[PDB]
Amino acid sequence: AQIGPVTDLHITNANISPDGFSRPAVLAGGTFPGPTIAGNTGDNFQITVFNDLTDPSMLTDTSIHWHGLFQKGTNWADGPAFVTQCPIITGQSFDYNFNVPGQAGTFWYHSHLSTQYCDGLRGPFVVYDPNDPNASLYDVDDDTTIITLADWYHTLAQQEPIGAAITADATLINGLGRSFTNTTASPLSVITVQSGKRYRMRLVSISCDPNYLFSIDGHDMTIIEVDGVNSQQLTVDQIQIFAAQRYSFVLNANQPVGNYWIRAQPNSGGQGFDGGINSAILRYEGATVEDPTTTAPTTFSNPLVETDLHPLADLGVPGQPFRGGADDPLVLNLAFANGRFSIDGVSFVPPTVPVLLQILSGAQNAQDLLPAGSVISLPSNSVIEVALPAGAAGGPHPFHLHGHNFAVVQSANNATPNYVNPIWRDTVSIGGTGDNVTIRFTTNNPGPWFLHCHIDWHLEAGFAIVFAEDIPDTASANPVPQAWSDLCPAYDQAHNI
Ligand SMILES: *[C@@H]1O[C@H](CO)[C@@H](O[C@@H]2O[C@H](CO)[C@@H](O)[C@H](O)[C@H]2NC(C)=O)[C@H](O)[C@H]1NC(C)=O
Ligand SMILES: *[C@@H]1O[C@H](CO)[C@@H](O[C@@H]2O[C@H](CO)[C@@H](O)[C@H](O)[C@H]2NC(C)=O)[C@H](O)[C@H]1NC(C)=O
Ligand SMILES: [Cl-]
Ligand SMILES: [Cu+2]
Ligand SMILES: [Cu+2]
Ligand SMILES: [Cu+2]
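How each quantity is defined
- Residues numbered from 1 in each chain as written, not as in the entry; some residues may be left out.
- Chains lettered and ligands numbered in written order.
- Heavy atoms only, no water.
- Core = buried A, V, L, I, M, F, W, Y, C linked by side-chain atoms within 4.5 Å.
- Buried < 20%, exposed > 50% of the residue type's maximum accessible area, 1.4 Å probe, protein only.
- Helix = DSSP H or I, 4+ residues; strand = E, 2+ residues; numbered from the N terminus.
- Contact = heavy atoms within 4.5 Å.
- Near = heavy atom within 4 Å.
- Areas by Shrake-Rupley, 256 points an atom, 1.4 Å probe, with all protein chains shown as cover.
- Nonpolar A, V, L, I, M, F, W, Y, C, P; charged D, E, K, R; others polar.
- Pairing = 2+ DSSP bridges.
- Disulfide = S-S within 2.5 Å.
- UniProt positions renumbered as here; feature names shortened; annotations may be inferred.
- Polar contact = N/O pair within 3.5 Å; in protein donor to acceptor, adjacent residues only side chain to side chain.

Deposited coordinates in this entry are attributed by the record to X-ray crystallography, at a stated resolution of 0.96 Å.

In structure tokens:
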């Protein structure tokens, strides 16, 4: 069952074996992935997070972010540790109480402390639209049509050795999959459809790192939603999905009754499908209970290309139709050297006092805010452009902005900008060397919003900045509950800070 919009959510340690290998984990709701949190557009979510963690090898503190939800007026509920709150300590709970006006689509939630979400604290978050303009395109849309793609590691996140390459040990589709090495024939996920029906498949990357080439043998996929934003219908036969992105696609169960491979090929880790790695099963009702015998093509006919996507609504692009045609045009210098990422020469290291708390205590320019050089102010009610030129090692980097979605004025692997009708989304691959992926948005949401690569290993290694949007109005716009004010004193006392 789905939970919410008012629910408790306990965060615990447990052993799991999603690929046949047992390891301890950090779990929401006792499962990997965590349970789906759901409601309708405009609802009040009240998620009381109980931190019951006791194993320090995966950190006993926690903080949860609701990825893609704008948190307007509730910046304190956004979740990034040391940006909007101090972590919740073990044995305590915290009510994330917020509303989702004006949003409907496919989101997710995850730990936003260190690399803890890699250890298991990740799950889907769906905001349904009772008046969805896409409703007539499908028959079924429920918990059975959510498809999560996850990387899974045998080594604990905190225990990944300094100086060694980090790659995953299994791809998990709906929480199950097989290990790349020492593969055993552990159970694969089954997604069941009925011949003749149409399904809104909500594809969620809960990845800590790899992008996936997602496909379904024998089928094609009609994209209708991108990171919460309704799209015009775009039919593809493969989707390259980067960490933290979401798509909804219509799956028409229009092939013969049978079994079909679902494929999710990561860009690192195991290549191919030997032994049933990187795989799940699409099973039609009435099919034999057996593995598919289908193959992929050598070459896909209609892969997703981001510039092919367009909003369903007339969203346009704010500003003027040329580079720099914004009130606050920025170009970030995104770099990597010697194990650390930097943005404009500064590697992100979380501050002792959360950025929001520093602002509420009266720090009122970005040069006053810690970490020094990691907080950039944005003016209110302004068109912002951010160019994100690629080149830094470890790409392609999926950059994500909290508190906002954005127009993708320029996409990976294509030098031509689009000032007319590009897709809007919240996490975008910045592409390859020489690219100039560029985003735009308007500043109508006062508070400190994290901008970072969503490869969690890269965030940990510093690939982030904070946009302190409308510092002057942050305090009036974001009244804080007493329980939030209590977080840092409790955290600092527990940690002898
Ligand atoms: C990406 O686009 C930005 C503009 O959005 C380019 O920024 C300009 O950079 C040059 C020097 O490289 C400066 O003289 C300008 O002031 C910048 N802003 C402009 C022209 O609007 C940036 O060079 C581009 N980067 C890449 C790698 O193509
Ligand atoms: C590269 O990106 C550009 C800009 O998004 C794409 O150009 C658009 O192409 C569509 C489809 O033919 C036209 O309707 C638009 O008028 C184009 N816009 C602009 C600003 O040129 C282009 O198709 C992309 N290239 C590839 C190979 O997909
Ligand atoms: Cl977000
Ligand atoms: Cu986010
Ligand atoms: Cu990255
Ligand atoms: Cu984030």
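On we go.
For this particular structure, what's the right way to read the nonpolar core?
General note: in soluble globular proteins, nonpolar side chains tend to be found buried as a group. With 91 residues, the main nonpolar core has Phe214, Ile223, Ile239 and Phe249 as its most contacted residues. For this core, the element with the highest residue contribution is strand β9 (residues 146-152), accounting for 5 residues. If near-sequence neighbours (up to four positions away) are discounted, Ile223 is found in contact with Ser231, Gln232, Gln233, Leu234, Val236, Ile239, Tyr247, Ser248, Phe249, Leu304 and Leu309. Residues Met58, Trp76, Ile89 and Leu487 belong to the second largest nonpolar core, which totals 38 residues.

Explain the site of ligand 2 here, please?
Every residue close to ligand 2 is listed here: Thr307, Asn414, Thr416, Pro417 and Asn418. Relative to its free-state accessible area of 580 Å², ligand 2 is covered by the protein chains to the extent of 34%. Considered class by class, the residues forming the shell around ligand 2 number 1 nonpolar, 4 polar and no charged.

Please clarify how the pairing of β9 should be interpreted in this entry.
Side-chain direction in a regular strand flips from residue to residue, so the side chains alternate between the two faces of the sheet. Counting buried positions along β9 gives 7 out of 7 residues, so the element sits mostly inside the fold. Neither face of β9 is exposed, since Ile146, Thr148, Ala150 and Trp152 on one face and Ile147, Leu149 and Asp151 on the opposite face are all buried. Bridge count between β9 and strand β12 (residues 198-205): 4 bridges; the pairing is parallel. Within β12, the residue paired with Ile146 across the bridge is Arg202. As paired elements, β9 and strand β10 (residues 170-173) share 4 bridges and run antiparallel to each other. Pairing of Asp151 across the sheet is with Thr171, part of β10.

What's the story with the environment of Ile384 in this structure? I'm lost.
By secondary structure assignment, the location of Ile384 is in strand β24 (residues 383-387). A residue is classified by how much of its surface remains accessible, and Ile384, at 0% relative accessible area, is buried. For the pair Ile384 and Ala326, spaced 58 residues apart in the sequence, the C-alpha separation amounts to 5.8 Å. Not counting residues within four places of it along the chain, the set of residues in contact with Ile384 comprises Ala326, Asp328, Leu378, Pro379, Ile439, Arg440, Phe441 and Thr443.

What's the story with unusual backbone geometry in this structure? I'm lost.
Most peptide bonds take the trans configuration, and most residues that are not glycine carry a negative phi. Here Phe32 and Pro33 are connected by a cis peptide whose omega angle stands at -20°. Within the element layout of this structure, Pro33 appears in the loop between β2 (23-28) and β3 (37-40). Note that the residue after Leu370, namely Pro371, is joined by a cis bond; omega there is 5°. By the secondary structure assignment, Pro371 is in the loop between α1 (355-360) and β23 (375-378). Non-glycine residue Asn278 carries a positive phi angle of around 60°. Along the polypeptide, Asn278 turns up in the loop between β18 (259-266) and β19 (279-284). Its identity as a non-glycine residue notwithstanding, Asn338 has a phi of 55°, on the positive side.

Teacher, can you tell me more about the state of the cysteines here?
What the rule picks out here adds up to 2 disulfides. The cystine pairing of the protein, numbering bonded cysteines in sequence order, is 1-4, 2-3.

Hey, could you run me through the UniProt feature "binding site: Cu(2+) 1" (unreviewed entry) in the protein in this one?
Under the UniProt annotation, "binding site: Cu(2+) 1" (unreviewed entry) lies at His65 and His400. These annotated residues cover 336 residues of sequence, and their C-alpha atoms all fall within 12.7 Å of one another, placing them together at a single site. For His65, the position within the fold is in strand β5 (residues 64-67). In this view, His65 contacts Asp78, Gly79, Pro80, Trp108, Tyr109, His110, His112, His400 and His402; residues no more than four positions away in its chain are not counted. Side-chain polar atoms of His65 contact the backbone oxygen of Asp78, separated by 2.6 Å. The residue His400 is located in strand β25 (residues 398-401) in this model. A polar atom in the side chain of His400 sits 2.8 Å from the backbone oxygen of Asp426.

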